[PDB]
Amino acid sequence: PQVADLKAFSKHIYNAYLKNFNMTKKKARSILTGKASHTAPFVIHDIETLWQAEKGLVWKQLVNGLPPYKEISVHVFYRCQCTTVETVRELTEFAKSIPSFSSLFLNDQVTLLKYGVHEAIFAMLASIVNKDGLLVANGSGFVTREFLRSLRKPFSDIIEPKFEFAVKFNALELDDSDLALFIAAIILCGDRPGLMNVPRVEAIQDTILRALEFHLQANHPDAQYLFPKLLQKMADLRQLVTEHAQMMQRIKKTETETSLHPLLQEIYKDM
């Protein structure tokens, strides 16, 4: 009974996932391993290739629309910020496609997203990352980790920890059906500050976590300790976002010429 209902519940969350995110992990790994295709990502590894990419690749956000140019490291930061805001929009529609999320009063929906999207983002980021770099422009480019390490502090320092997380997270070998549940549990989190209806959010969270528990038994039958490992990963993500916010505060304080998107400004006010 319990296992039956939770199976259907998981499927609806998976559909919400497949319906709203621009790239699946299945698609990402196929590009990053070059398994299939006639097209390979253009590799961005230094200044010259970054420029060739802005001259050639199609970006969701127009280069001319980014805040005025300042310098290479900042430009990269602007592209990171564009993609973050675009992922916030996707996560908002994903959450909204979950009926128990949409049933919450809108103010609770905002609180969950405000305190949850960065955790979800850095979890999902692992899908487009390997040890050597990550996909950009809807899979049309691949920016190398080494290049990103070469940017000046503080922009190199805010990037590398996410790769450290992602490589360890990818070793658990989750698929998109696992991630849908996992991301749903990050967003529907009853611990978030200022929540109005905590018990309702806690109950939803618990339902998702039980659904995920049973999902991993069927989908990863030989993986021992995988469910508790993922609970630790959720705790790990909180710490990763604490550090990230700390670094963002330092960027606000010391990089005054660097523009921060207003939506992310609204996200950081309280952390």
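Here, rigid core means the biggest group of C-alpha atoms that superpose within 1.5 Å across both forms. All residue numbers are counted from 1 along the displayed sequence.
- Here the rigid core sets the fit, and in 7 other deposited structures of this protein the C-alphas of 94-102 stray farther than those of the other stretch, out of 162-170 and 94-102.
- The stretch that moves more in 7 other deposited structures of this protein, judged by CA deviation after a rigid core superposition and choosing between 48-56 and 66-74, is 66-74.
- Looking at the other PDB entries for this protein, residue 220 is present in the model in all of those that include the residues around it, rather than absent from a third.
- Among the other PDB entries of this protein that were compared and that flank it with modelled residues, residue 36 is left unmodelled in a third or more.
- Taking the PDB entry as given, 162-170 carries the higher mean Cα B factor of the two stretches 119-127 and 162-170.
- In this entry, 59-67 has the higher mean Cα B-factor, the comparison being between 59-67 and 206-214.
- Set against one another, the Cα B-factors of 100, 109, 81, 197 in the record reach their highest point at 100.
- Residue 77: CA B factor lies in the middle third for its chain, per the PDB record.
- In this PDB entry, residue 26 carries a Cα temperature factor that places it within the middle third of its chain's modelled residues.
- Residue 245 sits in the middle third of its chain by CA B factor, as recorded in the PDB entry.
- Per-chain ranking of the deposited C-alpha B factor places residue 90 in the lowest third.
- Residue 153 sits in the middle third of its chain by CA B factor, as recorded in the PDB entry.
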